[PDB]
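Remarks on the overall topology
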Amino acid sequence: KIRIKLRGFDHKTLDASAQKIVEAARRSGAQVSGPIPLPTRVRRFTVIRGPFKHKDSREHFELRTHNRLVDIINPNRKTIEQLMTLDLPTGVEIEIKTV
Amino acid sequence: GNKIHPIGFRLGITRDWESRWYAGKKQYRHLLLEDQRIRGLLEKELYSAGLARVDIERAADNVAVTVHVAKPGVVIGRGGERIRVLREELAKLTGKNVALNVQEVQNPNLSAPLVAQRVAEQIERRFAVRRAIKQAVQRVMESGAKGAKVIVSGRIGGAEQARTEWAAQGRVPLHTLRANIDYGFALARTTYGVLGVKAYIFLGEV
Amino acid sequence: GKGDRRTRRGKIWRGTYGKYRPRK
Amino acid sequence: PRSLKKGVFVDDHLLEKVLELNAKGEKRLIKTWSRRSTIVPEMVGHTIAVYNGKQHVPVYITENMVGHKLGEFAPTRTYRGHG
Amino acid sequence: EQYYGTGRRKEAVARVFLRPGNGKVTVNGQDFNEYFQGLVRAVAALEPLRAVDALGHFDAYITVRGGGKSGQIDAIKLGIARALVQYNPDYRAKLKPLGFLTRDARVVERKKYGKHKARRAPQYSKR
Amino acid sequence: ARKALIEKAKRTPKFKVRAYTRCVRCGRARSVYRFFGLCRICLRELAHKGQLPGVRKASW
RNA sequence: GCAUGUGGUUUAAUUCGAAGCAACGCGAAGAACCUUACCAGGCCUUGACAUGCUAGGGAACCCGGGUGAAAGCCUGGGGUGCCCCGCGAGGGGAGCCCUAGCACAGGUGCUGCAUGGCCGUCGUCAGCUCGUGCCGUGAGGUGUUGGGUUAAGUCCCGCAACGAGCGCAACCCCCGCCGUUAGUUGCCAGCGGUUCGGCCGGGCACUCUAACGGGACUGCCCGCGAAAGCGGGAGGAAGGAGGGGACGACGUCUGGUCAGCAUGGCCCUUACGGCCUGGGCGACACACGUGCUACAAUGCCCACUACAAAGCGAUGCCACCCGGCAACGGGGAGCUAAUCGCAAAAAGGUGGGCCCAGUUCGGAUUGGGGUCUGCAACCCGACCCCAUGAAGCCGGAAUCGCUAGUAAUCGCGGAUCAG
Ligand SMILES: C[NH+](C)c1cc(NC(=O)CNC(C)(C)C)c(O)c2c1C[C@H]1C[C@H]3[C@H]([NH+](C)C)C(O)=C(C(N)=O)C(=O)[C@@]3(O)C(O)=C1C2=O
Ligand SMILES: [Mg+2]
Ligand SMILES: [Mg+2]
Ligand SMILES: [Mg+2]
Ligand SMILES: [Mg+2]
Ligand SMILES: [Mg+2]
Ligand SMILES: [Mg+2]
Ligand SMILES: [Mg+2]
Ligand SMILES: [Mg+2]
Ligand SMILES: [Mg+2]
Ligand SMILES: [Mg+2]
Ligand SMILES: [Mg+2]
Ligand SMILES: [Mg+2]
Ligand SMILES: [Mg+2]
Ligand SMILES: [Mg+2]
Ligand SMILES: [Mg+2]
Ligand SMILES: [Mg+2]
Ligand SMILES: [Mg+2]
Ligand SMILES: [Mg+2]
Ligand SMILES: [Mg+2]
Ligand SMILES: [Mg+2]
Ligand SMILES: [Mg+2]
Ligand SMILES: [Mg+2]
Ligand SMILES: [Mg+2]
Ligand SMILES: [Mg+2]
Ligand SMILES: [Mg+2]
Ligand SMILES: [Mg+2]
Ligand SMILES: [Zn+2]
């Protein structure tokens, strides 16, 4: 029924964040298809270590978009409020779908 | 110029980012631009308070500016008088929900950037170059750190011949990832010029 | 050719499409 | 070259000095800094000074120098040799 | 009845199904040749089968995705390989010191910075 | 960074073609990532303090 | 031959710096104006920018004309909020606005040989040192050396040494096997239906998908050896560090840049500072440095036919539809992106055309015709179609790279950025 999409930066909070959520959609009246690991995306930046001329010496950075997605089957009115009284991870961005 | 920055190594290995958000392609560009104003004003002023590590966690247009600092009552004033002057001067720059806290630097020798500063100060202060750096380190294995090291690095003492100096002690092992070490870049200013300074401290293997 | 424009691979090389490289 | 789906191109301030001195059956030397513009058949027989860096250059406009832009008749640099 | 093996090699993955019967091979629907045409390493994929006497003993249902047909054929082969220990955990004796049970741990190394293609560097006269 | 030349790129221009970015942090528009509004010198310099979230140091 | 830097010349200027390897497709991960420091013109003077001071007027502000290459300047009008006092006209105030003056702003002016920082490098080479002691009157030595071993100062044995600090190494990531949690937008082995398309029911088996763990230790065996180690094998997905990455010790070259930024100092501040349109970094008797495509039969070409990984995209990616030989234009469905799209992978495969030719090789340089981005393609762009079809039949002396999924060869992608 109601689907969530977590898009963050860690692999830590993003797993933590989504496993607090995964407990109060079991106790509160819902069967659930578990925590879902998704097609992470990488944006990398290759850059000249040097101020000036020394080109062929280069540094490497990767910004890792981490995608999580959990499905709630049978969403109660014992539920929906239990997950707006669970909200607490800091670097995460949550979103809420429903078809 | 051969080696690498210690912090920027343990990026989520034995350290952590100061600004800890999320962001889209639209937002990250502007959103961050903001933090570098937040951290330009915040710094420029708070100097003689001894400011250390500046967190800026973020939710839906709620900024969360924490602040570690040597001396929490030069951030404060008397009562709660001067902290308010700023707490809005930031929402004056953001245009939103500045939650500007305070957190004391408990032990001050056991946090690098401070250590760096007081020395870079002491150089601005026209002190004994060597002894500055010796006692610098001294206090660090006196407060109880695993390793110490300070790198004075200018035209030193007023000389026309640019050199460099230093000393240290204990474990300094920056090739062990699993060793937590804090870097302190300072940057004294004296009549003859500008004399960057460094300071590394080991606390422990994890 | 490959530096040749009016051909099979020579388009592909440039990246382009033309009468000599279709869109199916 | 220039899209036909979007017709020819000329700068306004320059065309202004042309079809006012056309509409008064006179001819004078014009001084403008556009080169970026396409000469048109309603300028033929005009004395037009175009600029290269420092100098306004003598370019009296005849017939079959039609659709070519202005800057083709006003060399930009100086090359005679190396010694 | 079906015996299955896990076949993998160099950014290409292959799935094997061993039923008792003929020696027809369907790889993504198509016959063994209508997918591995004028290509010679082709018929080599079956090697791990013929060192125990069974080409004509079993059928072959196949699926592959990724890599090129060589890197698939190595995986196909490594699939018929693994597949035979699920039938005979005694065939293991015959096809290891014969070498057919191993992930070719070989891999297209990373392109490096400063080096045209990882290992290759730039030419320079006037040294 | 000629001071006034951060400003010839701050304000909006005569025509939209002249829209070249620059660094917020130093004013070198020579190699700038329109995702950081920053250049390569900066991006490291900063990334080396962890002041850009999620910006890890890469390796594979 | 063309592409790109560079030397030298030329130039109103062709702005700067890089200098044997370790400058030369390097600062430029995007010079038509912009960038832009350069040159020629038209200009601005508390200045495009800061925190202000004093005198006098002004709410801020917003609309139009004139002259003009644009800037710039002369000028018409709309507007008269906020704070305090007051019944009131209206004075005082904060902001900001203009004129004059002053603080001063600003400079990609100089010096990298006055610095910061960061980079290159000898060099991922196995080295560099200190403590206490020992030994010399001492500088100093010993340790670290010798023999064995190691990718190593790795380690074993010896020694007047014993240990530690910075290096080696491990802890981090990638790839290789496998297990735990997981079944969407991915997946289809069995069963049901099937518009034959994993299309639908159903399932999450396996592939994949990211997070955490397991596993390799000279452990086992014969041999060699005081030992460390070494050689061959058994098991294992992996064997002696399994492959790859990040990771650069005390120091040197007064190596690099005041041109990202930072700053001592010398230097201008109605001018090097500032704004502007145009011109220039692309000029061309040459020379080097880097690469692209060739000179072709293991090939060129036209069809039909398969198999990828990685990344980007709601100010964009653009399935199809129509027009055009085509670039592309018009219309328009989907996609915050495992769901939609760039997307054609290409060498390979099937089938056929060429038959040693300056050639159906080769694809320069030209003539003309168009499309697109853009205020604007003459300097000075890319792409389409037609016609032009140059040099070159594998390259002097010299010289470069690579030890395995490497070298070669073939395609895809991203950053920068309208193009
Ligand atoms: C010419 N000499 C007298 C010189 C002078 C100065 N500086 C001064 O004279 C400035 N003195 C003041 C303080 C202004 C009075 C100098 O500053 C220098 C040099 C030497 C150069 C040599 C350079 C050389 N190459 C690249 C041209 C070179 O091969 C090396 C090298 N060792 O590889 C260099 O070191 C060199 O680049 C260099 O650094 C020099 C100077 O710095
Ligand atoms: Mg041809
Ligand atoms: Mg390859
Ligand atoms: Mg190179
Ligand atoms: Mg400056
Ligand atoms: Mg631009
Ligand atoms: Mg200079
Ligand atoms: Mg220009
Ligand atoms: Mg130097
Ligand atoms: Mg120099
Ligand atoms: Mg020098
Ligand atoms: Mg080594
Ligand atoms: Mg003695
Ligand atoms: Mg010993
Ligand atoms: Mg030694
Ligand atoms: Mg000795
Ligand atoms: Mg050791
Ligand atoms: Mg389903
Ligand atoms: Mg069926
Ligand atoms: Mg290491
Ligand atoms: Mg040199
Ligand atoms: Mg250039
Ligand atoms: Mg059509
Ligand atoms: Mg179209
Ligand atoms: Mg021939
Ligand atoms: Mg080798
Ligand atoms: Mg490409
Ligand atoms: Zn920058």
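Rules used throughout
- Residues numbered from 1 in each chain as written, not as in the entry; some residues may be left out.
- Chains lettered and ligands numbered in written order.
- Part of a larger assembly, values for the part shown.
- Heavy atoms only, no water.
- Near = heavy atom within 4 Å.
- Polar contact = N/O pair within 3.5 Å; in protein donor to acceptor, adjacent residues only side chain to side chain.
- Nonpolar A, V, L, I, M, F, W, Y, C, P; charged D, E, K, R; others polar.
- Contact = heavy atoms within 4.5 Å.
- Buried area = accessible area lost by both parts, 1.4 Å probe.
- Salt bridge = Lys/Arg side-chain N within 4 Å of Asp/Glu carboxyl O.
- Helix = DSSP H or I, 4+ residues; strand = E, 2+ residues; numbered from the N terminus.

- Regarding how it was determined, this PDB entry cites X-ray crystallography in its header, along with a resolution of 3.4170 Å.

Some thoughts on the protein's contact with RNA strand G
- Close to RNA strand G lie 186 residues, the nearest being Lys25 and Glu160 of chain B, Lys11 of chain C, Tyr79 of chain D together with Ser31 of chain F.
- Of all atoms in RNA strand G that approach within 4 Å of the protein, 77% are sugar or phosphate atoms.
- Measuring from a sugar or linking oxygen of RNA strand G, one finds a backbone N or O atom of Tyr192 of chain B at 3.0 Å.
- A distance of 3.3 Å is found between a phosphate oxygen of RNA strand G and a backbone nitrogen or oxygen belonging to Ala1 of chain F.
- For the surface near RNA strand G, the per-class residue count stands at 56 nonpolar, 50 polar and 80 charged.

Re the interface of chain A and chain F
- Facing 17 residues of chain A, the contacting portion of chain F comprises 17 residues.
- Across the interface of chain A and chain F, roughly 1700 Å² is buried in total on both sides, 62% from carbon and sulfur atoms.
- It is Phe45, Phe61 and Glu62 of chain A that lose the most area in chain A upon contact with chain F, and together they represent 33% of the buried surface on that side.
- Among the salt bridges present, the one from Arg44 of chain F reaches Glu59 of chain A, with a minimum N-O distance of 2.7 Å.
- Where chain A packs against chain F, one counts eight residue pairs in polar contact.
- Those elements giving two or more residues to the side of chain A that touches chain F turn out to be β3 (37-48) and β4 (58-73) of chain A.
- For the side of chain A that touches chain F, the per-class residue count stands at seven nonpolar, four polar and six charged.

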